[PDB]
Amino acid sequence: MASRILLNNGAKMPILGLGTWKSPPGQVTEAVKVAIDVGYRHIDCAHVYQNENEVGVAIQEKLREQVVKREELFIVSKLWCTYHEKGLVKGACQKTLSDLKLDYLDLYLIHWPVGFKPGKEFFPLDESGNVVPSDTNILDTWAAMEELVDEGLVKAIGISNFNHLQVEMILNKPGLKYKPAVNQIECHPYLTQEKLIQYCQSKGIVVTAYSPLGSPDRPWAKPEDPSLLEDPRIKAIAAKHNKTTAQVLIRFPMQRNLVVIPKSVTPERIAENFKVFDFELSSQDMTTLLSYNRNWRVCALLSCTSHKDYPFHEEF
């Protein structure tokens, strides 16, 4: 199976990348070094992950070591919610570039459709715990993202955690300059995203699946929560292929023509997770995994549910 997918800007995006949310700065440099050594060429980053400097250190080193050239890498980052105002977007992008020690990004995403009050805090809350919104809207933030392409800071722009009506808003914008190349969304057997994937793919937008292992390290996990990596039904599908459960969970979105971005900082797991181009899930396996859907979301904040642009009230 083809290692890259074609984007609307003519660039090719590797279908397997390394996630970096919750990769502590004291451990992520080594993770990225190892990932590049074992063949990862796509790295998913974000300013809010607070580790871009340490990602950038690893990239720089591997470039200087002659292991890879910049053109072979596909680096993604994301505009955080406190920077949706049109006047703040370029500075946010440039901070990410500076931290990553790069002169361009391959892809830059609006991280969430919701804008938050500008300031130092990533999640500005009022005294009663509601997020404080900003007076920003999706279309003006999009126009600011388009300027980043026109100035050469980023090669492609996209969105993340947008519902189909929010995607539609952008597509239907009068005077649109660039269509979104990607929508990065949560997707795994417990949240299979059939309707949103169908929508995006029909519109020429590539979908990236985040939290493909169910984000067991997410900081708001509850012990009763469903656990993909420990699901005995998925274990049994893995055993049949002499692969691990993680390997099955990464191959699954690949066979749906998705990009997938599993996270690890553990060197043996980083290597494990890349070894997914040597087997195929059967039709029955695919059907079985899709059948596990529960509409169960890792990533959703109760404190955001009143925001005008909260994405998850719509069915899709």
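We number the residues from 1 along the sequence you see.
Asker: Between 283 to 291 and 258 to 266, name whichever shows the higher mean Cα B factor according to the PDB entry.
Answerer: Averaged over C-alpha atoms, the B-factors run higher in 283 to 291.
Asker: Higher average CA B factor in the deposited record is what I'm after, so tell me if that's 119 to 127 or 159 to 167.
Answerer: Here the higher of the two C-alpha B-factor means belongs to 119 to 127.
Asker: In this PDB entry, which of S215, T82, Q201, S77 has the top CA B-factor?
Answerer: The C-alpha B-factor peaks, among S215, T82, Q201, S77, at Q201.
Asker: By the entry's C-alpha temperature factors, tell me which of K235, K177, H188, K95 sits highest.
Answerer: The listed residue with the largest C-alpha B-factor is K235.
Asker: Could you tell me which third, lowest, middle or highest, the C-alpha B-factor of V154 occupies within its chain?
Answerer: Tercile = lowest for this residue's CA B-factor.
Asker: Mind checking which third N183 falls in for C-alpha B-factor across the chain?
Answerer: Its C-alpha B-factor, which the entry lists for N183, ranks in the lowest third among residues of this chain.
Asker: Can you work out whether the C-alpha temperature factor of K22 puts it in the lowest, middle or highest third of the chain?
Answerer: Lowest third - that is where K22 ends up once the chain's C-alpha B-factors are sorted.
Asker: Compare the C-alpha B factor of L228 with those of the other modelled residues in its chain, then answer lowest, middle or highest third.
Answerer: Highest third.
Asker: Can you tell me whether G56 has a C-alpha B-factor in the lowest, middle or highest third compared with the other modelled residues of the same chain?
Answerer: Middle third, going by the recorded CA B-factors of the chain.
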